[PDB]
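1. sequence, then the experimental structure. Questions to follow.
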Amino acid sequence: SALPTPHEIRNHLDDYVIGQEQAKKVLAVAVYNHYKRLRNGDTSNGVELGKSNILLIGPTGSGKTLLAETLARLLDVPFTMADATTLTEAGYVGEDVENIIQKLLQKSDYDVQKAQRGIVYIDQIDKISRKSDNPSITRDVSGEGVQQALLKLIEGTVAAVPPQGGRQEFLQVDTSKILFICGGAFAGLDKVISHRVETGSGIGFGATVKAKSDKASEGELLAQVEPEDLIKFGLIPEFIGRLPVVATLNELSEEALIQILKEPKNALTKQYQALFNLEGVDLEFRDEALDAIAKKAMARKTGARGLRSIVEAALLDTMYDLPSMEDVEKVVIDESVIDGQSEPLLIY
Amino acid sequence: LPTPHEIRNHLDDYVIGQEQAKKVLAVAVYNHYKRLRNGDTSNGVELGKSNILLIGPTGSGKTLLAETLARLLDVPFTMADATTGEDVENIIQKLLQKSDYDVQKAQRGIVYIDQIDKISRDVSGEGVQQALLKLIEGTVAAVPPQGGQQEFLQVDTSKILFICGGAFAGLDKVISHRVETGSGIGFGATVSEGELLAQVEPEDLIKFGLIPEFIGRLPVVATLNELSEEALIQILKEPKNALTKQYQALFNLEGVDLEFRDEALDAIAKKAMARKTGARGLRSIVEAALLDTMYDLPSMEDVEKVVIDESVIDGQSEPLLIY
Amino acid sequence: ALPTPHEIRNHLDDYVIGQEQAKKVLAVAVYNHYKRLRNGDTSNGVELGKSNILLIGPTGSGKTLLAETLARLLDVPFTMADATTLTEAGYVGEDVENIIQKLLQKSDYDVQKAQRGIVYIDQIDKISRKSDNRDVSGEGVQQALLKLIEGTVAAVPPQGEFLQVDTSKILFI
Ligand SMILES: Nc1ncnc2c1ncn2[C@@H]1O[C@H](COP(=O)(O)OP(=O)(O)OP(O)(O)=S)[C@@H](O)[C@H]1O
Ligand SMILES: Nc1ncnc2c1ncn2[C@@H]1O[C@H](COP(=O)(O)OP(=O)(O)OP(O)(O)=S)[C@@H](O)[C@H]1O
Ligand SMILES: Nc1ncnc2c1ncn2[C@@H]1O[C@H](COP(=O)(O)OP(=O)(O)O)[C@@H](O)[C@H]1O
């Protein structure tokens, strides 16, 4: 009945995530502390055990969704994944907040005692930010109105969930023990933080001019974030209080992309290597081709998500004639193959 | 069991004029089912799925490639539409009808979507792309088996392949300025589109309106640029299920011969292109022409053969009869 | 050889006036329906296109009249249903299977004679999809008719076990 440690869970994620050290510590410590809180259940000397949610921040295609999915594999309690862009303020045409709890029970097979001990994740949280700039009569619903509904959910209270797909029977489900991991790529947040921190100068002659912001520093700038910086973005102070912990994820570097195709077991290189291993054929991928693929990805400003297009576009012809081909034991791909000038060398 | 070369020939029998698209679907479907025969038991655990994205004009045979492929492969297949807040559960239950409410057999089925560009730029517009993201990656949806037990069956969405079909409008202008040349308005500046679509990339799709997260799930790309005029004639002659052969077979049991000269088929190509609808707007041209002939053919006696001329399509003349 | 397209148009002219083009279309589809069932799927042409009818016209144009006048001239039974009272999931309003039940009453429970029957529906616009305001009178009803039109078998209690009655051979208007 031994629970996993923060070091053990961190090593498990290293085999599926690359280039994110500070964020791994938060999820490991939070998930570790989560098991302890639910396990004790105000039975030990420690009475009224609190809760601490997590707020992930990082650019697009940085790996936020990856940590949420890979973590659920080793996680014992259930896990779900939703989006807040479709939520509405209790009555509009779009959606209801309790739909999140409905998807949670599907993973737990309608086990209330087991669902309360589960974990929940939210994606695209930046879309919830104030839209109208200190709103007017329009009564923003997609924005501010959504945060107010979540306030009680994140803190803890009973709710109502349809049993088998309704919209006259509702079951109560507490949420004080349920954890939430909100995350969404924020747009323009770097500008807001930079403008606030690095400026103490007027435009006139007498005012002194502070020399700062020499480099962009996207990774090091988000580290200096604070709740007041988010208020200018559009978030409410009450909502930020429900999410005390913060995590800053750095963008992807060129060399980082090479590691993603070699270190993790789910790398596409290992997938295609195993795709031909069943056929009794070997595969190879030289460094001359991997570094070039990273340049094509950054050139297209698509990131690691749009990386399969570069691989499948090259091996399209080879995969077509490979099944019919016989007496072929190994295939070698070169940098020229990625450009398309040459064809991958085949070993008979 | 099949091979890319074997499936290419079968597709060729019912489809023509699209050579590059055949190799794309062949290797894709081949490796897709390979993962089902052998899953995570090999060293390459958690083999990811490769979705497919078709790009071509309307009536360019986008639906036939998915529909005909489904017939060849003994697996279920349904047809979805981008018009149908989430409204994503209807697509799952729609597939179980053909599969007789089977979990494993349905999971290996394929699904097709039409008018995928209609949502690019609200819960029915851009809100649909965001919802599909999880569907095109893997999830489970409740589906009442038989309609009703008070229970539901779980059907993963990682094994089911998706083919997002559609026709992008104005995409040619986006790629021209980015790759070929910035022109169209100047004097020296240059004032088929198919060749341009081959050089398409995901970066151009972002300016079109699509979401990069949505495009990342579909690395495969297909270019059903256009259909040739002769191909239309071949479409009515090479496929065994051609409409020309249907009417020919319709009158065979009646004991009357039918004919279709080449000088009459070329006119149908002009009316088809004039409507900018492709092969879908073909029966309207045929059924509207043969309506007069079919109306009085049973009444007429001692007629063994019928000939349709080019003038007949226009309607100015009457189809020649043979006694 | 009871039906003649040249004669069927002459008979409708007695009871209907002002629609010459529409009368020609019905004579072709109606004649093609029985011409097909005379030799079912035995010809060389495989995957033959299904023959159905879609009447579209303004008010008082005679849509409902053609359905009634046709049945009188015709021998096979006829039914006149409506999409306004149809519901889904066995609700209190009505079920799609009721259309098959009424057909047998006209045919006196003759499956061989019922498969060659005609079907007519009015106010098809009512089942048109609408944005969410549950909506039972909509897409759900269309799905039942779609699987029913594409050809299937539906349970029918004989005389009020159940009987299976194919529908790929039954016409729909
Ligand atoms: N650190 C990483 N290591 C390996 N693969 C990664 C990493 N980060 C991103 N990826 C790849 O990018 C894909 C998408 O990751 P996501 O977590 O969705 O990125 P993202 O920043 O969350 O984008 P969003 O959620 O739309 S803002 C993953 O399935 C991986 O293939
Ligand atoms: N072509 C016609 N010739 C003669 N009388 C007609 C014609 N069409 C309609 N009528 C008259 O209108 C009455 C109703 O005809 P209907 O077929 O119900 O018209 P309708 O347009 O089909 O109505 P709906 O909207 O389809 S229920 C008939 O009983 C006739 O008196
Ligand atoms: N290359 C082709 N060969 C044979 N038939 C074709 C071809 N392209 C289109 N068709 C015809 O077009 C019809 C399907 O059109 P569809 O693909 O649904 O149009 P859209 O893609 O605009 O929905 C089929 O009946 C098919 O016979």
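-> Yes, it's here. Residues are numbered from 1 along each chain as shown, chains lettered A, B, ... in the order given. Ligands and ions are numbered 1, 2, ... in the order given.
2. residues in chain A within reach of chain C, list them.
-> Contact residues (CB under 8 Å from any CB of the partner chain) of chain A with chain C: A:93, A:167. The way it works is simple: take the backbone N, C-alpha and C, and place the C-beta from them, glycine included.
3. element containing residue A:346?
-> Per DSSP states H and E: residue A:346 is located in strand A:345-347.
4. sheet-wise, list the partners of that strand with their directions.
-> Here strand A:345-347 has these sheet partners by DSSP bridges: strand A:330-332 (antiparallel).
5. toward the C-terminus, what is the element adjacent to the strand it pairs with?
-> Next along the chain after strand A:330-332, taking DSSP H and E as the criterion, comes helix A:335-339.
6. how is chain A divided into domains?
-> By the assignment in curated CATH domains, chain A contains the domains A:1-250, A:251-348.
7. hang on, residue A:285 packs against residue A:333?
-> Yes. If you go by CB atoms under 8 Å, residue A:285 and residue A:333 touch, sitting 5.8 Å apart.
8. helices and strands around the longest helix along chain A, which ones?
-> Assignment by DSSP state H gives helix A:22-40 as the longest helix of chain A. If contacts are counted by 3 or more CB pairs under 8 Å, 6 or more residues apart in numbering or on different chains; DSSP states H and E, helix A:22-40 sits against helix A:6-14, strand A:54-57, helix A:64-74, strand A:179-183, strand A:247-248.
9. near ligand 1 at all, the first one?
-> No. Where contact is defined by CB under 6 Å from any ligand atom, no part of helix A:6-14 touches ligand 1; the two come within 9.8 Å at best.
10. okay, that helix in PDB with CA atoms only?
-> Taking C-alpha atoms only, helix A:6-14 is exported to PDB below (Å, rounded to 0.1, in the frame of the first residue of the first chain):
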ATOM      1  CA  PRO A   6       7.700  12.800  -6.100                       C
ATOM      2  CA  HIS A   7      10.900  11.500  -7.500                       C
ATOM      3  CA  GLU A   8       9.300   8.300  -8.800                       C
ATOM      4  CA  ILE A   9       6.400  10.200 -10.500                       C
ATOM      5  CA  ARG A  10       8.800  12.700 -12.000                       C
ATOM      6  CA  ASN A  11      10.900  10.000 -13.600                       C
ATOM      7  CA  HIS A  12       7.700   8.500 -15.000                       C
ATOM      8  CA  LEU A  13       6.900  11.800 -16.700                       C
ATOM      9  CA  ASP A  14      10.400  12.300 -18.100                       C
END
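11. which residues does it contact?
-> Under the contact criterion CB atoms under 8 Å, 6 or more residues apart in numbering or on different chains, helix A:6-14 has outside partners A:4, A:24-25, A:27-29, A:31-32, A:67, A:70-71, A:74, A:263.
12. what comes into contact with the helix or strand harbouring residue A:318?
-> Here residue A:318 sits within helix A:316-321, counting by DSSP H and E. For helix A:316-321, the external contacting residues (CB under 8 Å, 6+ apart) are A:331, A:343-344, B:4-5, B:23-24, B:26-27, B:30-31.
13. now stretch A:144-162
-> Stretch A:144-162 is contacted by residues A:51, A:53, A:84, A:87-90, A:97-98, A:100-102, A:105, A:128, A:130, A:135, A:139, A:169-178, A:180, A:235-236, A:238-239, A:242-243 when judged by CB under 8 Å, 6+ apart.
14. what are the ranges of the helices in the stretch 151-300 of chain A?
-> Residue ranges of the helices in the stretch 151-300 of chain A, as given by DSSP state H, counting those that start in this stretch, are A:189-197, A:218-222, A:227-233, A:237-242, A:254-260, A:268-277, A:287-299.
15. winner for burial among these?
-> Among these, the stretch with the highest mean neighbour count (mean count of other CB atoms under 10 Å in any protein chain shown) is helix A:268-277, at a mean of 20.
16. of residue A:285 and residue A:333, who's got more company?
-> residue A:333 (24 against 21; other CB atoms under 10 Å in any protein chain shown).
17. and the nearest residue to the more buried one once chain neighbours are set aside, what does it touch?
-> Leaving aside its chain neighbours, residue A:333 sits nearest to residue A:344 (4.6 Å; criterion: CB to CB, 6 or more residues apart in numbering or on different chains). Applying CB under 8 Å, 6+ apart, we find residue A:344 in contact with A:314-315, A:318, A:331-334, A:337.
18. most neighbours, which of the residues you listed?
-> For the contacts of residue A:344, neighbours tallied by other CB under 10 Å; top is residue A:333, 24 neighbours.
19. residues touching that one, list them.
-> By CB under 8 Å, 6+ apart, residue A:333 lies in contact with A:283-286, A:289, A:314-315, A:344-345.
20. can you pull up the bridge partners for residue A:247?
-> According to DSSP bridges, beta-bridge pairing links residue A:247 with residue A:56.
21. does it touch residue A:54 like I think?
-> Yes. Using CB under 8 Å, residue A:247 is in contact with residue A:54, at 6.4 Å.
22. shared neighbours of these two, which are they?
-> Contact with both residue A:247 and residue A:54 is made by residues residue A:26, according to CB under 8 Å, 6+ apart.
23. closest point of chain A to chain B, which residue?
-> Taking CB to the nearest CB, chain B has its nearest neighbour within chain A at residue A:274, 2.9 Å off.
24. got the contact list for that residue?
-> When contacts are counted by CB under 8 Å, 6+ apart, residue A:274 touches B:42-44, B:47.
25. how about it: what's its closest non-neighbour residue?
-> Residue A:274 sits nearest to residue B:44 (CB to CB, 6+ apart), 2.9 Å away.
26. up against ligand 1, what does chain A have?
-> Residues of chain A lying near ligand 1 (CB under 6 Å from any ligand atom): A:17-20, A:58, A:60-66, A:123, A:185, A:260, A:304-305.
27. now with 5 Å?
-> Residues of chain A that fall close to ligand 1, judged by CB under 5 Å from any ligand atom: A:17-18, A:60-66, A:185, A:260, A:304-305.
28. any idea how far whichever residue of the stretch 1-150 of chain A sits closest to ligand 2 is from ligand 1?
-> Residue nearest to ligand 2 within the stretch 1-150 of chain A (CB to the nearest ligand atom): residue A:93, separated by 31.9 Å. Distance of residue A:93 to ligand 1, computed by CB to the nearest ligand atom, to the nearest Å: 25 Å.
29. assign that residue to helix, strand or coil.
-> For residue A:93, the secondary-structure state derived from DSSP: H, G, I helix; E, B strand; the rest coil is coil.
30. count the residues that sit near it.
-> Applying other CB under 10 Å, we find 11 residues neighbouring residue A:93.
31. who are the contact partners of it?
-> When contacts are counted by CB under 8 Å, 6+ apart, residue A:93 touches B:85, B:123, C:131-133.
32. same thing but at 10 Å, please
-> Residue A:93 is in contact with A:141, B:85, B:123, C:131-133, counting by CB atoms under 10 Å, 6 or more residues apart in numbering or on different chains.
33. same check, this time on residue A:313
-> Contact analysis of residue A:313 by CB under 10 Å, 6+ apart lists A:296, A:338, A:340, B:219-221.
34. sec struct for it, please.
-> helix.
35. ok, so what distance separates it from ligand 3?
-> Residue A:313 sits 24 Å away from ligand 3, going by CB to the nearest ligand atom.
36. give me the phi and psi angles of the closest residue to ligand 3 within the stretch 51-200 of chain A.
-> Closest to ligand 3 within the stretch 51-200 of chain A is residue A:86: 28.2 Å, counting by CB to the nearest ligand atom. Torsion angles at residue A:86 (phi, psi; degrees, to the nearest 10) stand at phi -90, psi -10.
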